[PDB]
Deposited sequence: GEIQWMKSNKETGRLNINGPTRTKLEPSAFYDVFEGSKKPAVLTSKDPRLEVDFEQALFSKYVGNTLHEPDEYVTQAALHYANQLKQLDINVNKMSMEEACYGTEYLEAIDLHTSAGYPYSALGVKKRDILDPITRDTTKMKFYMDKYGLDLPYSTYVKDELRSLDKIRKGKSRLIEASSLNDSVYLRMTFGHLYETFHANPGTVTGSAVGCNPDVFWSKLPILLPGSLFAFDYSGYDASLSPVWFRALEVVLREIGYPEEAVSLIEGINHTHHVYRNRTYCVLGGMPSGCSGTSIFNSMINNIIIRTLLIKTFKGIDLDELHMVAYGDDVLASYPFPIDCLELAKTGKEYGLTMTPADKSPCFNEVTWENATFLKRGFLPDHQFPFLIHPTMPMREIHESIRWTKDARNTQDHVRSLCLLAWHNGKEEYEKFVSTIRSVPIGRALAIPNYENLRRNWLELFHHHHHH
């Protein structure tokens, strides 16, 4: 992905989208008793902690484009993935606007607690001023889709969140491309049922982990991915995607029977306009993260990428012998034979992909997925714990958006940490008990946590 041009809003006529510059994160009741080095991200170029120029850092991720267009390897990869998807019988029909707006069983209603995007926010219209969970009315929605059309620009904002200390001085905050309500509605209408299918089917048919629950999914993976394991992460996945991957995504959607009217929306996300503050810019390539279907499309593309890199790098691959699941850029995969990932990553560079783990042999003992390790339980080794490092839980507990959430916050971290074992857990709970606010919390005991988890099977 590559920024094509960037121009004044006075020159493009776009209303300006200016978000808040101050963080909602503040030191928690446990800032003092736990060690950590993450801080809230830089949100303005004025930030004292900055050691670089902000806006060049913010946009440095768009590292250009390479292939615009499938070679035969991309093409066979896309069709193998698309053929796999056929067993799901995805309904390529349009969703009503009412379903796109207000939800179904496997499609959540549009989130009424977040911005309505360009132009509404600059105009002071909120989603809840257009959509209504009780009436379930869509005439106000249709009116505004008529008034402002489709293919509106994405409102860029900096994500308020913790980052590593390295990424503070280097202005390496992450961007949110807020979707306009109009585009959310239209991409939900045309792809709602695909979303429904992917949400109801985490696994190795969709090749997607969206909708999994690591507590029980981790024990399912060694069955789902038999044979030898490989994996990697990517440097700046969404911004590194060249248009060829969006043209492959269109082949896949075509093969499962979408009409061209639907398939060509994908070009409307491979080619995008964004409004950051007072200036407009335009990107070719690259997934706009806040867009509808972004996690699903990124995972589909990832299935295309892996297959493409398999058959271009080695002779005599049988794609039908590949198992994989992706969650965005995160990949876990298996093949009857060990796969040289250093070689794969190299091929990935020929397509603009910067892929990252030396190339250690991937084992269940060292693999990670969704930032969790894998650790067979001692009593029952056919049941696998998702392990989250204690450093990350320590970093989390030192901050708060509202002291009213301490119990929920600390409870949620307890359910993540215990998988690291009784010793590490009791040390965690004990530090929490070392401040008065810690002593007031309801904290489960490891044995209860372990028994509850054991009973899930």
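Taken in order along the deposited sequence, the stretches absent from the coordinates are 358-362, 463-468.
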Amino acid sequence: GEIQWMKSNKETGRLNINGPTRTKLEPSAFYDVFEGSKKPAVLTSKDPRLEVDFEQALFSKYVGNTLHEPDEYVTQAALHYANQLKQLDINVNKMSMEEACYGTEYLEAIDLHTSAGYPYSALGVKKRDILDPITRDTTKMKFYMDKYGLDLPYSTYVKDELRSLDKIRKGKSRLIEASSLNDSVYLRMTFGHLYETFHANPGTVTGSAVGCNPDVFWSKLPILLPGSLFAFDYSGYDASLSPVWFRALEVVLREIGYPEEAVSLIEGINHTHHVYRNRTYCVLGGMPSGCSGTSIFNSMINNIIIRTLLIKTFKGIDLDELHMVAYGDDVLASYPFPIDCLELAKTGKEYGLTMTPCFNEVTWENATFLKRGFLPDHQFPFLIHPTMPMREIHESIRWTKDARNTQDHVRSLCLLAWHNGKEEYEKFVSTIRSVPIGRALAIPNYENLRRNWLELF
From here on, numbers count along this sequence of modelled residues.
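The stretch 152-160 shows the higher mean C-alpha B-factor when 152-160 is compared against 182-190 in the entry. Note on 200-208 vs 163-171: mean CA B-factor is higher in 163-171.
For the set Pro381, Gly103, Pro288, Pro386, the PDB entry assigns the largest Cα B-factor to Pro381. Considering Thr66, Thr400, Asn420, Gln407 together, the PDB entry gives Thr66 the largest C-alpha B factor. Sorting the modelled residues of the chain by their CA temperature factor places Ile432 in the middle third. For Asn445, the recorded CA B-factor ranks within the middle third of the chain. Only modelled residues enter the ranking. Compared with the other modelled residues of the chain, the Cα B-factor recorded for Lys86 ranks in the middle third. Placement of the Cα temperature factor of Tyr237 within the chain: middle third of the modelled residues, per the deposited record. Among all modelled residues in this chain, the alpha-carbon of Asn360 has a temperature factor (C-alpha) in the highest third.
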